[PDB]
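[1] An experimental structure, sequence included, is below.
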Amino acid sequence: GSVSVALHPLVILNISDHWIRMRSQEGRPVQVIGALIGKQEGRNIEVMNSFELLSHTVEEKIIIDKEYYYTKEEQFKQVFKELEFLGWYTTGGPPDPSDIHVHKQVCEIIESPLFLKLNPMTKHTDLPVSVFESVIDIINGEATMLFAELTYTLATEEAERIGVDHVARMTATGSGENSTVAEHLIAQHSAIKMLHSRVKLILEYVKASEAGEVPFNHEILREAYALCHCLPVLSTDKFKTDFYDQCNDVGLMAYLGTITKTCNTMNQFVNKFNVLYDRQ
Amino acid sequence: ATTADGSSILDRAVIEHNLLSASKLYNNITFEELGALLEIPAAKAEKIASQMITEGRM
Amino acid sequence: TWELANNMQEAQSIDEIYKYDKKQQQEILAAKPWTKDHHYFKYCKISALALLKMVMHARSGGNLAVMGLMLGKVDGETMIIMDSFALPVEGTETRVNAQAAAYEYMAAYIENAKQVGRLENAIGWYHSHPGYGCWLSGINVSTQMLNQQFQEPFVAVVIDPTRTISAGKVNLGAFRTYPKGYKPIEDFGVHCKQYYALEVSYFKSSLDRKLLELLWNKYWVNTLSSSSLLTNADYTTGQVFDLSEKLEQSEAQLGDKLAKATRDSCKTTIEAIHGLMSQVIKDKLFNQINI
Amino acid sequence: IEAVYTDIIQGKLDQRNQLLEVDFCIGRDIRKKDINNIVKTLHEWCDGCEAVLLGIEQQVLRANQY
Amino acid sequence: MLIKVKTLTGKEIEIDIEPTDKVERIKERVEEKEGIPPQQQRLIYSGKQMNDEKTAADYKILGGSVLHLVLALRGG
């Protein structure tokens, strides 16, 4: 089915940085246009990096100029050798005909370009980005460029996970008055909700099989029974003793640490008291 | 050829392999039970186990 | 409602740091506060995007050594960096020389960024050390001498790709240097008196935070099976030891540091209680079903 | 031992406590009358998850207010 | 005669050069004004490094195009 798209957690950060930069510079958020670069291996397409392309406006329409891309194409060839043009990204919602018009000269530059959509105004659990492939229609007349939606993967190299965890541990939670609770108790809440959704789907399938909407597949129900019988995990005495020991240890570690915040407030109080009601 | 202990080369490597494999399916085993499934009466099973340790094998 | 605050368009000081106050930058440059005292900026804050770009450049270098620039600004006592930009330099894994290619590359890339809409300037440079820790060598010390004495706002960055890959944590090291004349541990090298170290911090925007949290959301199994405080025991013990040393120093001083010690203790206690809370939540969710 | 070798259950023995600990056992056959009971258990799990979610929200709300 | 030099850090230099002047001469003057070492200047003109041997002969320019100076920056 067409080509397999390999998306990396580096293009998205570039788009977000560009969007926030323009939003802060102009005050009123505007549309941003860039590019996508990577590798073509047979029927597989992978995206490595992304650099912005200058775009001009004429009347009300947007035009991608060729000279700036020509000058910038050989510039980054020095650092990245086996890197070639793939497509471009932009910010927006649904595919408007302006997208088709702007994609016309992209198809002129490269026969079959890819398309990336990032929607900062998303209110859904799905990935805000979307990958589209260009299709040329055969019907006579105005041959509109058709966007075929494909599947995007999350292929990553060795250093991606460690970097994202390192940056996401802090997130400057203690400077924006966002409360560390509102981060910790919320980050895993989404995972718990996802597990709830999966269990609900399994229960719905089991109920449908019981009623008779779906055929009696006498293989999935065995796995469902096995999953059912494995719910009370590790109800032994050793686990309970270890858990209680852990709880007591964390309680003591919190006591040593509350006892010093109280002491610091104590010190500040005596420092302020030694100036107001007592001379020197 | 025998190893001058009454046991040939084959049924010493096989005994060590049995002892190593039993280490994955047990948490703690008495000497009598260890010798029951290894044909050792009571004694040299402990010696073989102690020799298989201090060399990083088990 | 479930997330309460959410975000349509509102932000806070986290998103405010991404801007360019021309008058403020001009007046801090003209005033030159750091030219009067040696013990100026000690806090360096670098954005995520620059970090990943540096890491990918170092990895693409492989066993050899790479080298590139960085972009940002200075704000009061702190330094801000938010862009990485690689260079096409080659050489043996023990020495790299910037030929005319890099000289024609940095200017061209700066002009291209200015055409794009970028407004920041050169702030420093990053060099990858393949294996031999993170410390400035003699030639690095001389280069930093000349750079900080001609181009006063500057900072060097040294990372270790091999150790970062093997261990699992990054080896980012941000260094400024004491100028010549001011004279007033084998890991740091032999010029430990000439150069010193700085703390590192990171930031990300509201949009970046939302995107990173939503991307990391596809990690639920590890999220609810990690069981932290059992993997970072050594880190917490080291933190408590440093807490004890800082408390002793503060007590000696009383005979401020007490505020710093209180903040560190609060951070460690918050981490410990967060681990306990996650463990309790997991126990409630999994071990209290079907009797 | 031979049952473990056949790979129907996975676990370990312990002679000191005379115990056999199983980490994973394959589910056996299910007749077309026990399925309802299965539903019940899943329902319970769902309820528990929902309860946890509710508590989460309350807690974080209070924290923010504070 | 009124050329401008802009560096990547922000320093602006205004210099006066006779059109038939040598390249070593212009480096010597710009080192006099700022304090550049005599042999460690890279000079860039319209995206092209100025060749030391090639003396400046035709400066058909009144402002606009500016030579950016950069220091040798290397590590090991």
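    Everything's here; your move. Numbering: from 1, shown residues only, chains lettered A, B, ... in the order given.
[2] Who is residue A:41 paired with across the strands?
    residue A:44 (DSSP bridges).
[3] That one: neighbour count?
    By the criterion of other Cβ atoms under 10 Å in any protein chain shown, residue A:41 has 11 neighbours. (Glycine included, C-beta is placed from N, CA and C.)
[4] Ok, residue C:212 next?
    Using other Cβ under 10 Å, residue C:212 has 21 neighbouring residues.
[5] Would you tell me what helix or strand the nearest residue to it once chain neighbours are set aside is located in?
    Among residues not flanking residue C:212 along the chain, residue A:168 sits closest, at 5.5 Å (Cβ to Cβ, 6 or more residues apart in numbering or on different chains). Following DSSP states H and E, the helix or strand that holds residue A:168 is helix A:159-170.
[6] Please apply the same query to residue C:144.
    Assigned by DSSP H and E, residue C:144 falls within helix C:138-150.
[7] For residue D:15, give me its contacts.
    B:26-30, B:33 (Cβ atoms under 8 Å, 6 or more residues apart in numbering or on different chains).
[8] Next, please give the residue ranges for the strands of chain D.
    For chain D, the strands defined by DSSP state E cover D:9-14, D:19-25.
[9] Name the stretch among those strands that sits most buried.
    Ranked by mean neighbour count, those are led by strand D:9-14 with a mean of 14 (mean count of other Cβ atoms under 10 Å in any protein chain shown).
[10] ok, back up a step: which one of the strands of chain D lies closest to residue C:217?
    The closest of these to residue C:217 is strand D:19-25. By Cβ to Cβ, the value is 27.8 Å.
[11] What strands line up against the closest one, and which way round?
    If you go by DSSP bridges, strand D:19-25 pairs up with strand D:9-14 (antiparallel).
[12] what comes into contact with the strand it pairs with?
    Contacts to strand D:9-14, defined as Cβ under 8 Å, 6+ apart, come from residues B:25-28, D:3-4, D:19-26.
[13] try 7 Å this time
    Identification of contacts with strand D:9-14 by Cβ atoms under 7 Å, 6 or more residues apart in numbering or on different chains yields B:25-28, D:3-4, D:20-25.
[14] one step back: what's the angle between whichever helix or strand comes after the helix holding residue C:144 and helix C:138-150?
    Moving toward the C-terminus from helix C:138-150, the next helix or strand (DSSP H and E) is strand C:155-159. Between strand C:155-159 and helix C:138-150, the angle comes out at 150 degrees (axes from the mean of the first three to the mean of the last three Cα atoms, to 10 degrees).
[15] Each with direction, which strands does strand C:155-159 pair with?
    strand C:121-128 (parallel), strand C:173-175 (antiparallel).
[16] Kindly format the C-alpha coordinates of the longest one as PDB.
    Below are the C-alpha coordinates for strand C:121-128, written out as PDB (Å, rounded to 0.1, in the frame of the first residue of the first chain):
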ATOM      1  CA  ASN C 121      23.200  35.500  17.400                       C
ATOM      2  CA  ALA C 122      26.100  33.200  18.100                       C
ATOM      3  CA  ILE C 123      26.400  32.400  21.800                       C
ATOM      4  CA  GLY C 124      29.000  29.600  21.700                       C
ATOM      5  CA  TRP C 125      30.100  26.200  20.300                       C
ATOM      6  CA  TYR C 126      29.800  22.500  21.100                       C
ATOM      7  CA  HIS C 127      32.400  19.800  20.700                       C
ATOM      8  CA  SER C 128      32.000  16.100  21.100                       C
END
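[17] can you give me how far that strand is from the chain middle?
    Centroid separation for strand C:121-128 versus its chain: 13 Å, with Cα atoms, centre = their mean, to the nearest Å.
[18] Not counting that strand itself, show me its contacts.
    Identification of contacts with strand C:121-128 by Cβ under 7 Å, 6+ apart yields C:54, C:58, C:61, C:65-72, C:81, C:153-159, C:161, E:8-10, E:73, E:75.
[19] what's in contact with stretch E:27-34?
    So stretch E:27-34 is contacted by E:5, E:13, E:15, E:36, E:38, E:41 (Cβ under 7 Å, 6+ apart).
[20] you'd agree the third one is up against residue E:6?
    No: using Cβ atoms under 7 Å as the test, residue E:15 is too far from residue E:6 to be in contact (11.9 Å).
[21] quick one on the thing from earlier: mind putting the contacts of stretch E:27-34 in JSON lines, secondary structure, distance to residue A:29 and neighbour count included?
    Putting these into JSON lines (DSSP: H, G, I helix; E, B strand; the rest coil; distance: Cβ to Cβ, whole Å; neighbours: other Cβ atoms under 10 Å in any protein chain shown) gives the following:
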{"residue": "E:5", "secondary structure": "strand", "distance to residue A:29": "38", "neighbour count": "19"}
{"residue": "E:13", "secondary structure": "strand", "distance to residue A:29": "39", "neighbour count": "17"}
{"residue": "E:15", "secondary structure": "strand", "distance to residue A:29": "44", "neighbour count": "16"}
{"residue": "E:36", "secondary structure": "coil", "distance to residue A:29": "44", "neighbour count": "18"}
{"residue": "E:38", "secondary structure": "coil", "distance to residue A:29": "51", "neighbour count": "9"}
{"residue": "E:41", "secondary structure": "strand", "distance to residue A:29": "44", "neighbour count": "18"}
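[22] Quick one: residues contacting residue C:46.
    Contacts of residue C:46 by Cβ under 7 Å, 6+ apart are C:81, C:200, C:202.
[23] What residues are bridge-paired with the last one?
    According to DSSP bridges, residue C:46 are recorded as the beta-bridge partners of residue C:202.
[24] from what I can see residue D:57 touches residue C:3, true?
    No: using Cβ under 7 Å, residue D:57 is not in contact with residue C:3, being 9.0 Å away.
[25] who's more crowded, those two?
    residue D:57 (16 against 12).
[26] What's the separation between the residue lying closest to that one once chain neighbours are set aside and residue A:251?
    Nearest in space to residue D:57, with sequence neighbours left out and distances taken as Cβ to Cβ, 6+ apart, is residue C:2 at 5.9 Å. Residue C:2 sits at a distance of 30 Å from residue A:251 (criterion: Cβ to Cβ, to the nearest Å).
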